[PDB]
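Input: a single structure, listed below in structure tokens.
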There are 2 protein chains.
Amino acid sequence: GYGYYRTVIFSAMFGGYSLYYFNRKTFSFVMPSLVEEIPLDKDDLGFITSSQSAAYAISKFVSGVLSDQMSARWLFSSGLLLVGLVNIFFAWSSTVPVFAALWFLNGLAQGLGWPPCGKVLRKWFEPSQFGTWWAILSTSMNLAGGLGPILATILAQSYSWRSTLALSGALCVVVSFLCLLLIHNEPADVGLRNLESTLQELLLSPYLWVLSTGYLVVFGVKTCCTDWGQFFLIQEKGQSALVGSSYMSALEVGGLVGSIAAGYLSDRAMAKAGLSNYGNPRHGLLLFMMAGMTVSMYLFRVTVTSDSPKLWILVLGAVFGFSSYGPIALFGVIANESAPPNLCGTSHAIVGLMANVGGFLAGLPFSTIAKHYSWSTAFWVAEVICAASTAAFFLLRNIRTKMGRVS
Amino acid sequence: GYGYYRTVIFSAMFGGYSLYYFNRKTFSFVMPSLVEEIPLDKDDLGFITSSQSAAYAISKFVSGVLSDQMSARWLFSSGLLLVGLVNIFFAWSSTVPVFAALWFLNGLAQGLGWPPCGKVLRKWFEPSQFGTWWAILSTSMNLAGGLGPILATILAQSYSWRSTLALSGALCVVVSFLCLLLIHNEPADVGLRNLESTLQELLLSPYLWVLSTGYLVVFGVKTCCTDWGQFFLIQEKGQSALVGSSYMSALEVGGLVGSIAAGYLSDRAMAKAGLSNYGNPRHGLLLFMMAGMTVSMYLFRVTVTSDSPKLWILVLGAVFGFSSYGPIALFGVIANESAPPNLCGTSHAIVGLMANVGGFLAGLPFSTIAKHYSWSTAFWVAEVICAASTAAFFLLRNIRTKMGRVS
């Protein structure tokens, strides 16, 4: 049955990508037991994590381009098998360049997880339900990030880092063998009905780059607020460290509920409409949430003092988390959905490369502006870029969203 | 008397820059008598005019940078003496490379006219009256453009192109000798009271480049509408050639009244305010007029048919001309006004180089988008860029407008 296959393939892909995001950050999760066992440096740890970041940028791009050509089930379970072999070799490693090289290989293999998920969600799930199941699979990412450090500290208190990370890699190998048999990349695999364009017809479509610059701005504003809202509450808003950490936790909880709400309400907006090729019924709430980022960063910049209570801090953290992790889910939804069927993952990779560009823009120039001028000037520049792109995307909401050839 | 010097120096500079803009386009003005006398090609004529355009781009930049170092009266009357010597040599010329080289030298010498006007208006006129006298000197430019072809056709019907252009150059020589003695570049020349920063302190100020990108967008949208609104009414709006030409004349008359209204009402807004260094009281109506460009191009794009009358065409032409030539005057006003006193012309030149960039963007990529997609898609991309920069400049209205050092 078609719904039985939707349930089974998405549950296997749910557990699979939870294992993916758990083993994208396992060295981050079991970091205290490893630095108790063997000594490292701060710059050495940063080199390992930056090697993963560079390899995972390259691998998101290469895996998005390759997921259109080769199948999704083999690319998915081969990525999880490579992650498992990497963690098996990593737990039995002792010297620092072997740590850095194997974690570079894990950065290469973590990219092979999500564009197969994008191809499966593209060919299986209807556009009237694509956003909410996309949001539940990003909730699998968030569930891995939640249950990661807790049970990681449990298994690092019970067993060592070698045993925990080796059993995690062996679990990736087992879930790879048991998720190769439980992903079908199209409904035409089991005999069900499915639901021509080239790459230059995707790249010359303006909606890919409007979507990419909107995702660039939204991810850069998300990343600068996520990385420096703690210091913005410490230094220019007079709040303590507990209020800044609880503001980050409010932004994360609001981000989970905002990703799920963006998916579900954008699928409600897609079911009620969808007769024309120009425009997108997901823009009608993507713009609500980008205006929510505007109103949220304004009411967090000018209406936060040292005397305004923690309730307003938590409310504004939840509303900016809502209004920010919603659009990142929606730019992923549209980069997979408004693309041609054989140019879906390429479109999502070209959009997701702007995550790397915006992460660099929120790391070095945002901290540069916050060091030279002030923190409020830097976060206000972020609010200006986000609100100007909110207005620009409200203008550009009615370009030809369905990409590829024009006929 | 201080007001007597304001009147006399501005009247001499008024007649001077009228002679400047009349002799910037005299070969364009007396073009029919010259093509009756000697034969040319369309690409030859285009090479002459493009040589002037390139030399005048280079000369606006070099003259703006040089007007801060050397005096304004000598640079001004030396520019007018060079224009006069060029036209004296040009009227007595016969061969095509001499035409192109002398008109290149006129392109080099027309740049030497306006940054001395900017320095004189900067040091003489108060910021509570700077915009309206700036607008009257741009009205001198428009008066030269109005009385140019009319009396040019009169003097080309009476005398030849040689006699007319030679008497025009001799009038530039006479007005140069009689305007060197009637421009004082500071009130400290005659003993009146006047009204430290470096170049890297100007270039690293963000308001110069926010102002430059706003002027880039406004001049590109002005230039694409001015160059292609005729064809947009011919081809996609069903209007005849007379309605398109009268729409352009309505945009020009509206542009003159909008430049003067921007200057006068921005000086009224400057007199009523002006206590802080952040923000600019001219932004409060520069944003009204950029929103006027937005509303004007929207109500000209979607509420113009083949059945909507010529009254709505003329009203929308006047309102977009208002709302477009207002801001170009105001970006000049602010590029001269919000700059340091010894970095005024450099700031105006760095802003005015974006006129060259936006003129190229409205020439080749705008016609490229209008050839590939449609005319309404191209003008809608122009409306999107103008409205997105309207919103971005409404955000950025409160950056530190006073440029230079921070103390």
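Letters A, B, ... mark the chains of the structure tokens in the order given; residue numbers begin at 1 per chain; ligand numbers begin at 1, in order shown.
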Residues of chain A within 9 Å of chain B, counting only C-alpha atoms, what are they? List them as an MDAnalysis selection string. chainID A and resid 381 383:385 387:393 395:396
Just want the 12 Å neighbourhood of residue 19 in chain A, counted on only C-alpha atoms, with same-chain residues fewer than 2 positions away dropped. Output as a PyMOL selection string. chain A and resi 12-17+21-26+76-77+79-81+83-84+110+113-114+137+140-145+147-148+167-176+179
What lies within 9 Å of residue 359 in chain A using only C-alpha atoms, ignoring chain neighbours under 5 positions off, as a PDB file with N, CA and C atoms, in the first residue's frame?
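Heads up, here's the output in out.pdb:
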```
ATOM      1  N   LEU A 216      20.760  32.360   1.912  1.00  0.00           N
ATOM      2  CA  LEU A 216      22.013  32.964   2.351  1.00  0.00           C
ATOM      3  C   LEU A 216      21.779  33.955   3.476  1.00  0.00           C
ATOM      4  N   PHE A 219      20.123  32.102   6.665  1.00  0.00           N
ATOM      5  CA  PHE A 219      21.092  31.294   7.396  1.00  0.00           C
ATOM      6  C   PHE A 219      22.187  32.149   8.016  1.00  0.00           C
ATOM      7  N   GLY A 220      22.584  33.248   7.367  1.00  0.00           N
ATOM      8  CA  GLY A 220      23.574  34.123   7.970  1.00  0.00           C
ATOM      9  C   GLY A 220      23.041  34.839   9.194  1.00  0.00           C
ATOM     10  N   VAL A 221      21.773  35.249   9.151  1.00  0.00           N
ATOM     11  CA  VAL A 221      21.165  35.910  10.298  1.00  0.00           C
ATOM     12  C   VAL A 221      20.909  34.911  11.421  1.00  0.00           C
ATOM     13  N   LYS A 222      20.486  33.689  11.071  1.00  0.00           N
ATOM     14  CA  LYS A 222      20.346  32.619  12.055  1.00  0.00           C
ATOM     15  C   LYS A 222      21.677  32.321  12.722  1.00  0.00           C
ATOM     16  N   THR A 223      22.741  32.230  11.929  1.00  0.00           N
ATOM     17  CA  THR A 223      24.026  31.809  12.456  1.00  0.00           C
ATOM     18  C   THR A 223      24.670  32.910  13.284  1.00  0.00           C
ATOM     19  N   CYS A 224      24.495  34.178  12.893  1.00  0.00           N
ATOM     20  CA  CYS A 224      25.053  35.257  13.700  1.00  0.00           C
ATOM     21  C   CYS A 224      24.288  35.414  15.006  1.00  0.00           C
ATOM     22  N   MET A 354      24.968  28.180  -0.046  1.00  0.00           N
ATOM     23  CA  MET A 354      24.805  29.476   0.585  1.00  0.00           C
ATOM     24  C   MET A 354      24.719  29.381   2.100  1.00  0.00           C
ATOM     25  N   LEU A 364      33.130  35.461  10.485  1.00  0.00           N
ATOM     26  CA  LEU A 364      34.215  36.444  10.536  1.00  0.00           C
ATOM     27  C   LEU A 364      33.789  37.908  10.339  1.00  0.00           C
TER      28      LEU A 364
END
```
For residue 341 in chain A, find every residue with an atom within 12 Å (counting only C-alpha atoms), except residues of its own chain fewer than 4 positions away, and show them as JSON, numbers by chain. {"A": [67, 68, 69, 118, 119, 120, 121, 122, 123, 124, 185, 186, 194, 195, 196, 197, 198, 199, 202, 335, 336, 337, 345, 346, 347, 348, 402, 403, 404, 405]}
